[PDB]
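Quick notes on the structure that follows.
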Amino acid sequence: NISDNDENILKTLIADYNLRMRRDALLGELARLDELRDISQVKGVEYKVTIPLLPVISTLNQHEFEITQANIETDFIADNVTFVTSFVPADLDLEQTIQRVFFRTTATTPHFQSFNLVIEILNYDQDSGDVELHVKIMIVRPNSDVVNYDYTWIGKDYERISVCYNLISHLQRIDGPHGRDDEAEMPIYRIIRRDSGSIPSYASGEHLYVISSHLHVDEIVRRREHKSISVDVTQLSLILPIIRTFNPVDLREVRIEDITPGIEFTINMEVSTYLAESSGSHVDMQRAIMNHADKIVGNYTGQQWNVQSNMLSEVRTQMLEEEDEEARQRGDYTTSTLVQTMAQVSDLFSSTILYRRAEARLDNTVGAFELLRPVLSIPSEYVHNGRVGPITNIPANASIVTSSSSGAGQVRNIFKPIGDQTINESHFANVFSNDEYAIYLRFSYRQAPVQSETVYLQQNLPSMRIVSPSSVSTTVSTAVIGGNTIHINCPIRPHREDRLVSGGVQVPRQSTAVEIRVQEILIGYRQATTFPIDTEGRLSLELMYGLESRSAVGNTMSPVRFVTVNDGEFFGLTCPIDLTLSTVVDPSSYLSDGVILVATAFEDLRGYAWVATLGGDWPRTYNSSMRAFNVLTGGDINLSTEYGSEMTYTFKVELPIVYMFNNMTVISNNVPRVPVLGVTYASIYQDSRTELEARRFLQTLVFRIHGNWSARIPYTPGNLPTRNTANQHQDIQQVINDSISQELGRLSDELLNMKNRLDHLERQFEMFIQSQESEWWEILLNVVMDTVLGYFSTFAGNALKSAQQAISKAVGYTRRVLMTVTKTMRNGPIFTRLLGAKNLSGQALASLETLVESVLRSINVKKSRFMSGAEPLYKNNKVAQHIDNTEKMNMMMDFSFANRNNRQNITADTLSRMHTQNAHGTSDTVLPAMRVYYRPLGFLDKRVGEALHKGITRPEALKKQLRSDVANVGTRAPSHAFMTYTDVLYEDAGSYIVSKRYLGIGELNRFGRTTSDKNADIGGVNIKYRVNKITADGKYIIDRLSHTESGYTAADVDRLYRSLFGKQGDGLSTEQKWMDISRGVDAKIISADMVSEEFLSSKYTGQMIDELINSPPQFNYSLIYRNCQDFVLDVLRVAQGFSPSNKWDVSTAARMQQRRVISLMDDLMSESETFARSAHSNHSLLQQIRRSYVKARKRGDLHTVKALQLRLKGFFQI
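1239 is the number that the UniProt record's numbering gives the last residue of the sequence shown; the numbers go up by one with no jumps.
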């Protein structure tokens, strides 16, 4: 059978196996089986090629969710928002008392009020992690109905459980049109979310389910053969959005109250970029909800496949290196120091100060300033002997007993404030603001209580008092001689069996000493840097508060420098006025009405009571006070008694002033006074008061100002801007934007003519080309000419790459192109302030200039021939917005703000709140976002850890920690990356076509040598919309186009659906497949990460991307890239105007360049019908020319090539 040498070989193979077993046992308990780990990895790859790319979902943790809620100030509603509670039992902190997730909403919703989840660990063997869990979910409905769900699970330490709660809000109906917006030539529709006379617009539902898994690692190790993981989804509740109701779920109103450390919690939302109407069909709604659920479940399953692979044997991962914060900080700090040195140099220039004439007339204006507290005074030591009073509401029914039989006791109340009531303050009252100047009134305020008599009005219907019990005391035993032993049991609000916790006190009033003394009124100019001169004018001031009033006139004004508390220092002129208003004679004249309450109601005081017994064996005095009351309110609540035949029950409350004034109401609004001099109500006086009228009467100071002034206002010196940049910039982006703003003034205003601008840009491009050492431009021109005439070259991609490298190396040319674009567009400075902390990228602008110039030099025509028409030019020329950066910027700004940017003298601060995008925050980009998204879905990227236990450690804890480490390290990679590119087209007065391009790629294989049906692949689509409609709040409403209008056939739709959802849509028509594809792309990327760049999109870069989307290359991504994010980063780089990757094959970039040039040439030939013909530019004649050219090029015939190039050039002459 075998020889002796073969037997020796067998023995050494056995010995090697034994050495492997020895090593494995040295390392610990975890398995090390390489073949089973490899089979697991291959099967996981096979599953992962099926995880859907769509829909687009954004994942946030708690911190990023809170920052996002703070960022968005308009309506914030998501079609699907899933709250996933995910945990691994080996990651839970077992020293915690409870494992809980609790979150709620502060508003009314059709289905949701609060969500509570508790995890109970019934058994947990930590040596071999065998856990038995019980999960209890509690949902409280808005009508206070409680719904309970249970889930039990027996499994392993390292397996994951996810509880997913989806809140669904579908916009099903828009009502209108209710008019026509005139700035944006669109009809106006409304979107009803709140209770009104209109039909509601939204329908709401919910979806609750649990995901569990079993990774049969123990069985696989015992039997030594692989077994696929098994994932179970349990459906707990599904409510479809069938009927339309008011109050959809707004995410700004959702609170996450408590999550036990160790539990993972994410928010997974899909929010539309613009508002759109959903389908009312039931099957369509259900597919919409289940696509969201299926993507979440697919990502869960991929993660669990990773966990099984990692448990079966050793898997090593290098974690991607994070960018160096500290090196970037040193570079930025050097740049900032250079700017400071430039400012020091510019400080050497001095010039004569030049002024300008300033005149202004202040019409009759009204302003109201509210003091910190209402003007009141609480007397000390206020005693009230009634049964009902400030503190007590004890009915006569209530049983109150004394030592004598049937002897009712008398109750009294004592109230005492704690602390000072005098206040000294100086304020800068706001008067009027303007982009030129701002007016402030400066005064000082005095208050103190004056010796007088208290005034106390008691309500016929008193509010729920703090001490309002059913009974106060009862008799337990009666003695013939000694007296009756009494037991007192007096609870305080709230009672143990109660709803809507409440309680309070009524406060006695007094009279105080008011002293308002106005010193002067000040005005400052924004751009003044030194004292103005020739200051003259007159101002009149009228004070009025309560019942008194004053008036004075100021004549002399002087140049002044003053500092406000929010805006900095101002330079201007002051108008001293010396008047005093003093209502010490009548400070207390609200006497008709005038009940004052203070609310003291707390969850922590429920069930508290005074419990004591008095009598023979018991002491004859009682003196007790609640200390929880002191903890919550820095005061006291007390009850004192003396045992005797006649007993008095003293209920004393003793509050501090600060707590009192932070908690009070001014009911008895029945007799509200009027502003003392018949002034119109100032929106802080009975303007939708809702019981706020007496506090405004007692707190608000209102004044009336009229006058005029004149002065000479200095101009800013010319050497100031660099000092300003050094003195107040925060980032390097601010330095760049400041340089742009200052350079806008250096450029000539002759550039505001189209011919001059085109000549300037041609001269810039000639400078750029003349400075090239290598001759890449001539070969590029040859490539472009061949492409136009039909001969497609393999190194068009090389030509494109050389052009992009030349552009990125010549940053001066890019800077000049950007500067002329910013100068020649409408409202350039407004735009530079709109940018904020971001910079516009000029690489794409110069890229477009180079492409257009290349084609035009090929056909031997100037650009001015294609730029003819009336203004605005992009509305009268169908190619101008595609070949010109200035017209593109104009069109994009008109689109982004619905022509609100064209209002006269509108500031960038006002315009910034008029964007037309849905759920748009000010931290978002003005132009459409264009970036790569790469984050996990349904779980965090790291685990929440623990601190090391302080005690002595034991082996099963070490084993549990190792299991947690292996379950968590390297398994939380995202399953895909993607990128979006969107371009906007103007077609008619109120019609736009928005073209969104999606490109995504799945996670790369561990084993990439397999065939392409089992490798990671890319999936992309181009989707179009039409903008015709707007809301009354200024936001666009979208209609989505069909697949035919996007260029797709039925077979194309089948291929796209397979790429984007990972399956053949079975039982779906092409209409349903396109509905799913189109609806899955309109979601918006929500993140707390901030971008610092703006990018302008172009139609021909979009064609370059469509070249990848429509005819993808035969590429093995798994073998070439380390990461699926790197591919989409390469594509995004190409989209941003940079060169193609050297990882790609040659023909990829070749085809991209051919597509962009062919698209531009078609556009130019279509436009040339105005100055050429269509009979001699027919498609049939051009096809013959192209076929002849290809044949002539393939056989080296220069005569025919030249003749055909002349024929093509002559197409554009006559």
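No residue lacks a Cβ here, since even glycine has one placed at the ideal position from N, Cα and C.
Here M294 has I82, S83, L85, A103, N105, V106, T107, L276 and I1111 as same chain residues with Cβ atoms under 8 Å from its own Cβ, once five neighbours each way along the sequence are excluded. Here the alpha carbon of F101 sits roughly 16 Å from the alpha carbon of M939. Nearest to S799 by alpha-carbon distance, out of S827, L1154 and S375, is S827. In the structure shown, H317 falls within a helical segment according to DSSP collapsed to helix, strand and coil.
Here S1016 has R1051, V1052 and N1053 as same chain residues with Cβ atoms under 8 Å from its own Cβ, once five neighbours each way along the sequence are excluded. When DSSP assignments are scanned along the stretch 672-707, the uninterrupted stretches of beta strand (DSSP E) that are 3 or more residues long and fall wholly within it turn out to be 673-679.
Between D283 and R125, the beta carbon gap of about 6 Å places them in contact (Cβ cut-off 8 Å). Cβ-Cβ separation between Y407 and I439: approximately 7 Å, consistent with a contact (criterion under 8 Å). The beta carbons of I1210 and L1223 sit no closer together than 7 Å. Here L265 is not near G305, since their CB atoms are 7 Å or more apart. Leaving aside the five residues that flank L1024 on each side, the residues in its chain whose CB is nearer than 8 Å to its CB run, in chain order, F1003, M1004, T1005, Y1006, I1043, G1044, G1045, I1130, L1133, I1134, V1153 and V1156.
The beta carbons of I281 and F128 sit closer together than 7 Å. Residue pairing by DSSP places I558 opposite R737 in a beta bridge. Assignment of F790 by DSSP, reduced to helix, strand and coil, places it in the helix class. Counting only the Cα atoms, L987 lies some 28 Å from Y176. Inter-segment contact for the stretch 555-571 and the stretch 598-615 is present: three or more beta-carbon pairs are separated by less than 8 Å. Taken in chain order, the whole alpha helix (DSSP H) runs of length 4 or more contained in the stretch 1041-1105 are 1075-1086 and 1095-1104. Distances from the CA of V1171 to each of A824, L1010 and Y674 were compared; the closest alpha carbon is that of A824. In this structure the stretch 509-525 does not touch the stretch 691-709; the number of beta carbon pairs closer than 8 Å is below three. With a beta-carbon spacing of about 4 Å, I1018 and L1010 fall inside the 8 Å limit used to define contacts.
If you draw a straight line from the Cα of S223 to the Cα of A301, it comes to about 19 Å.
Counting along the chain, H907 sits inside the alpha helix (DSSP H) bounded by residues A905 to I908. Taking a cut-off of 8 Å on C-beta distances, the stretch 66-82 does not touch the stretch 1064-1076, as fewer than three cross pairs fall below it.
Counting only the Cα atoms, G356 lies some 11 Å from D349.
Residues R721 of the same chain have their beta carbon placed closer than 6 Å to that of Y710, with the five preceding and five following residues left out of the count. Per DSSP, the continuous alpha helix (DSSP H) segment holding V1226 begins and ends at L1223 to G1235. The distance from the Cβ of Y462 to that of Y380 is about 15 Å, inconsistent with a contact at the 8 Å cut-off. Between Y684 and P77, the alpha-carbon positions lie close to 57 Å from each other. Boundaries cannot be given for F964, as no beta strand (DSSP E) includes it and DSSP labels it neither H nor E.
If you check the CB distance, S338 and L51 do not come in under 7 Å.
The Cβ-Cβ distance between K1039 and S1020 does not fall below 7 Å. With respect to the 7 Å criterion, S371 and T747 are classified as neighbours on the basis of their beta carbons.
Under the three-state reduction of DSSP output, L147 falls in the strand class. Burial check for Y42: the Cβ neighbour count within 10 Å stays below 16, so the residue is exposed. Separation of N663 and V696 (C-alpha to C-alpha, rounded to the nearest whole angstrom) is 35 Å. In this structure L572 is exposed. Its beta-carbon is surrounded by fewer than 16 other beta-carbon atoms within 10 angstroms.
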